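Below are the structure tokens for one structure; questions will follow.
First chain written, first letter: the chains are A, B, C and D, and each begins at residue 1.
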Amino acid sequence: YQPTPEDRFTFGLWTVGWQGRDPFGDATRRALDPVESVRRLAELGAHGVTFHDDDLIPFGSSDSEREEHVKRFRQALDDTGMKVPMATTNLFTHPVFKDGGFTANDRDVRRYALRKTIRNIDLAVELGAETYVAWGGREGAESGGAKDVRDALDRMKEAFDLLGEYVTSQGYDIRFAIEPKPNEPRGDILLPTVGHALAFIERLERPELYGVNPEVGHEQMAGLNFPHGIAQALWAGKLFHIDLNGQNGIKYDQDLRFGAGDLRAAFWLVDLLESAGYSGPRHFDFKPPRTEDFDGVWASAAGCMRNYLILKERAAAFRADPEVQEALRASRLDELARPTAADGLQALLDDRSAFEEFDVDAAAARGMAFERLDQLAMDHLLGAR
Amino acid sequence: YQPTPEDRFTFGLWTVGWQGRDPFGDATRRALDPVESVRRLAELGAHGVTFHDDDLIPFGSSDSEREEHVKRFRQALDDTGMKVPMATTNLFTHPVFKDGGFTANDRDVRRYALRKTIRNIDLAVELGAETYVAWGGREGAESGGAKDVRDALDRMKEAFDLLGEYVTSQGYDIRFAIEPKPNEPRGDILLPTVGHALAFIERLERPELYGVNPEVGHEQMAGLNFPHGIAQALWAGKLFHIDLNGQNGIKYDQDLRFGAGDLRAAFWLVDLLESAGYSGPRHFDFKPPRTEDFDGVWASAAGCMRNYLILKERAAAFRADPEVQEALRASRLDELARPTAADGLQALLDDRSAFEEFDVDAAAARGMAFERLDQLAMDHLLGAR
Amino acid sequence: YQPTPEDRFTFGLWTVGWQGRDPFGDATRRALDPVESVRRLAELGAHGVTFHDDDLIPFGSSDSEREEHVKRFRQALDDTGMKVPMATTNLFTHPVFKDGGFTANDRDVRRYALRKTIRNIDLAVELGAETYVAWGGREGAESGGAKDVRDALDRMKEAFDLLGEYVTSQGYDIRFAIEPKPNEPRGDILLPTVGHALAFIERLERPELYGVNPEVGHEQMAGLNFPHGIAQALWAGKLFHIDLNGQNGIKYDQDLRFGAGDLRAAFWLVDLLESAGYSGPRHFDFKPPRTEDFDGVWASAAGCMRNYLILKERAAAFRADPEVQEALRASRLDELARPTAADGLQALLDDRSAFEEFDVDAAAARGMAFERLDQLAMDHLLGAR
Amino acid sequence: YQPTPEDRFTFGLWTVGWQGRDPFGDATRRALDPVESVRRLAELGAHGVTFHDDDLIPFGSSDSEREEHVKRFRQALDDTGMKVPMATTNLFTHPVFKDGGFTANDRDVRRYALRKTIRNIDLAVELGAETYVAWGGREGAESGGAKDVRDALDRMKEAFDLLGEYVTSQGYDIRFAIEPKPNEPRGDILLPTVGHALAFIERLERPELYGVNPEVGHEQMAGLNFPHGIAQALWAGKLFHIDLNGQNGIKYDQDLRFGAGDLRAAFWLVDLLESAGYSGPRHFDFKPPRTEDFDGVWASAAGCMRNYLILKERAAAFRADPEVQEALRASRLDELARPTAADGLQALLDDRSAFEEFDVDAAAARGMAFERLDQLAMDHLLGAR
């Protein structure tokens, strides 16, 4: 189960680089040089890396210092063959963003948030990124009167419309992906799920430039079914990127390595991504637990990739099993893919077999055979077939 | 705090009519005649009632029996002045719907679900309803292989498109509202939140005919902020109807009377509905607990209305308080309503006060004053002002 | 992975016998004769069955009817070799129990609850049960003023003390197990977790007669770690019985077949039960989904047993792997089992290596190696070793 | 609603002193001198303050530096009349505690945790504290194999037994209180609820020295009813201390000011504490949101006290209302306080009115009148009576 760069596995600098500070504890690991992270991830078989502006260039850097941080980074990419497919903006760490970036109540903060973002879009294009992610982690409230949500959505639309006007006028080939999260670090965060983000995009001036970047753990922080939400994003044609990790239920954002947390949900996610032909990066947004030293960091990163490849094998074996194919027919998944009324409305109204002469008790008695199908799926996952 | 029919309070027949059967227990109350419910609700000050087809006309009724059930019901409305502003379809109780109505795997069940719905749309128009609600309580799954969600969303779109073609061709003045719920009675339900429903509507052939009917308790079953979701529905212009009740956190659907459960969330909800000028029905989808006899049923229904009117008074007093108006300015809610960059993109890029000469430390030091504002809101809610 | 009666797998009559009624739907399956359930479970390889009084003898039965229901049941046990290791009382379905049994506000209901329980204890002993389970599903409240919880705990202690006096005076060899659940069907249920039940038992007059009967899904309805709670019950010497099923997070009680829901939690549960030498019944309290016909009922029951046996194999292979044994030493699980200060308090206070000369930075730098250990556990679960 | 020191309101140094660092953001406020916090809290009407060792004496301090930090602190207490009723140990911030203090896998860390605790017990007694709190925030795991929970509970019992031997041998008048929390910062924390802590205490060598210190938000992080858990702690005689704050459901630990979050739960909590005659400190463990400057810190602290005093007034008015007293009788709260069978077991078995001649249908028809009682409680809370 060895990864190659053809598997398109990517990692954020901030993931293996997390020093282990949490709300109740200081750092347990020293800071990593981005150049060292690129080299070590390349040896594990990764395809590329991602960054926030402030991961790569320390906040407050002069233009000369900025030049040389980028230069060192580019040499490591050239020296390893690593790519940069996605970048994003840090609009959450600095105290100026304590009430938000794009939807801060103070207007001068909102303008500064836009200028900080635009500067990093230029850098992202220079490094070859095709997707630009926005996670509005500070957009929200802890109390009800602090934020008029209709005015805040006006300001959020204004910001994303201006970013779309900028990339159009510059002739850039980059698209935007909005990353939803329901809460943490704000009491409630605006656009809290995949659904809310998809609905918001349809109100932007150029909806074709915007999609979603869902995260496993974030939808599970609201108790939702992550493969179901991904399926709705694919159905809408909006799955531009994806963040993979693990989460144990409704609690703080754990960011466990992928495959930990809800294992069966990870199986059904890989089944869906591979069956639908998703061709974007398989990005890991995770934190090696602060119990670990650096050997444990690289073991945890390797585990992300290994677990994806094991689940891919088991999902492919499940769908290729003739006995599974007949079970799917037994449960009428073939009929679910057929139109309800391709004959049209008038024919449906005139069809007495659809109502007047429909035998409801005979139809109700038909078992769905879902439990036998699910145990076949369980046997394949566990390698008991 | 006495309600009048001008307050537009409405109740479902199935609410005060719930006999008290739950998953572990038999009924504790006898069945109510719909005519008796109309009379008793009118004396409490309600504006109108709502129904599923199967609440009004017992399943399997002949056409003659159907005539006389409707006739009796219409006489009670004439005898009381009660209105019928909303109706909906029961596509969840009968065993034939055990895998769904519009997205059942069996195609013949899907056609029957459509015909059962269309028959009740005709009746709803006859009785004067302006909104037709769809709650797809059986659309979903308990296991991952049972339901291909992309095919299911194709079938859900096909059904709603056909219903829109029917109402257009008949010349009906009625609109549709989709009611989301995250789970129960299925393990996961399709379109689980307000956001997912709003995004789905934008893919229908005639999006102007469809809005949402959110329920307090349903969004709280996913831990979400209900006033925030309502604000996004209002921002999109899609709040066609609303279901009011109470819920104590993430657990089974409690359907407590409105004002029970999360009291502060109810306060901020009433503040939002009244400030935005929502003019639709204030509908209660609740269940009097099965501990109660019939005197307790009517006390619980009266409590729904009383709590709305108390919160309306306290929310209006909060917004009219000069000291609250100055606190809102102190927290810069006025600046949140102002455009970020009405000067346009080029001016923003050329504005050195937005980046090169922006003092981030001076801006970060400004307190938001949110806690004083929230304690003023708490004092108003409790009548300590 | 074929079960034999030596595996001690047991099932409640109410599990495979569930007709499929849920809060929003009527039954989808006909009622099963208890005699037929005993025969079919014996052919699947079960060890025995369990019952509530009202599963076996319909409520309101005459003494003659009661005789003949028991006689038929005993003949099926003799004809199959099936055992009855546990029984319990139905104090939740009948409307008289709408505010509780042992803690109902009405005193005459509490006395009736005790007499109904005592009558079934006699029958349980006659049939050879060694454990008597109490699930107080109606003991609780939906609102704060309805139930003074200190008075309710007085009444709960009084009831269990009287049941202990009865079994002592009769000379019965049976023990009691309290089954906790946090909510549903009451808004909150008294003694909501394993911990609350264990603490309550220590206040009874004869604590040695009482233990717990925890259920997988019930502790997960509060977001808790089920193997952790079982470990505390074993540590206290109070795990008298256990209920196995599956649950997908914090929501209504799903009662999925064992192994569904949180698969990794099921793995760590089987590891713990087998390592600690638990020798009681492996009881399944589950509901075949109402989508299924009777063939699906027996497939779901068979799946319960199969999944336990697969996880048992993988857990045993994990603990027997020499590379896992060295990883456990690398993470210092051996040191966790060693006393902190067998040298005593005075020696600890005099030990300068424990404080004055302890190198905290050298100790803090030691990685725990937990992630490599957990990936070895994941590889064993999936059969990638 | 002005507090006086007779109201026994207390605050931790770490509460108003929180600088605003969260997992995604740097500090927004400068550090407070403990002397300044004592002075400002005294002017607001507080009774006293609490501390962790590391709040008062920076980690790594020399014995001379330690002397002078304590001396300055004692002068501020003398200069204000403020008391110190509780103290506790920081066993969670330093990296050495990344796998726990008392249950760390490394034995040398466990010994150091005990010595760090004992040193602060001496200081607490010197300052007059009557309660010593233990919050084992790092005791737990993120993965299943990292922690054998039975060995960990052995080590936890060993630590608390040694602390009890120390205070006994020194002749100290101080008692211990264990503070439970279900998760955060570990994936699962040992002793996760009030119930688990109460059960654990009964296994210690000297159970009379140990009680619980429950926190509002912590029990709500598991979806539990906080007044119910407090009632069980009072029933067991173990409520030695209490932590008051607010929490909005199941998510990260918010530590909102008291009265925010679940307002009705706060009302029923104050009703219970005042009715049972709880005479310990009313301690606030809260964090002023990082949106606030120092004026907002003191406004948030003042709000904690104000909300307690408003709820106390409304709860007292509720219990003193003659119409509420008759509603309580209507719902048979008087009968719940009466013994079920003071006549004893034999009389109960011989009482035909308890079973053979009990009219179950007449009893089942009696309404409980809980909804009218709860609306009277709602009217009193809102000041609509």
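Convention: a contact is a pair of C-beta atoms (placed from the backbone, for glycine too) under 8 Å apart; a residue touches a chain by one contact, two chains touch by 3 or more.
Here is each chain with its UniProt name: A, B, C, D = Xylose isomerase.
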Between A-B and B-D, the pair joined by more C-beta contacts | A-B
Looking at C-D, A-D or B-D, which pair matches A-C on over half of its contact pairs by residue number?
-> B-D
Where subunit B and subunit D are represented by their mean Cα positions, the distance between them in whole Å = 37
Return the distance between the CA-based centres of subunit A and subunit B, expressed in whole Å.
-> 30
Contacts with 2+ other chains: residues of subunit A | 28, 94-95, 98-99, 142-143, 146, 182-183, 188, 221, 223, 250-251, 260, 264, 289, 291, 364-366, 368, 370-371, 374
Residue set of subunit B touching subunit A in the complex reads 94-96, 98-99, 102-103, 105-112, 114-116, 118-119, 141-155, 158-159, 162, 165-166, 169, 182-183, 188, 190-200, 202-203, 221-225, 227-229, 231-232, 234-236, 250, 264, 267-268, 271, 276, 328, 331-333, 335-341, 345, 348-349, 351, 353-355, 358, 360-361, 363-366, 368, 370-371, 373-374, 377
Please give the residue numbers of subunit C that touch subunit B in the complex, ascending.
-> 20-28, 92-95, 97-99, 137-138, 142-143, 146, 182-185, 187-188, 221, 248, 250-254, 256, 260, 289-291
What does subunit C use to touch subunit A in their complex?
-> 1, 28, 220, 223, 249-251, 257, 259-260, 262-264, 288-289, 291-296, 299-300, 302-303, 306-307, 310, 314, 364-372, 374-375, 378, 381-384
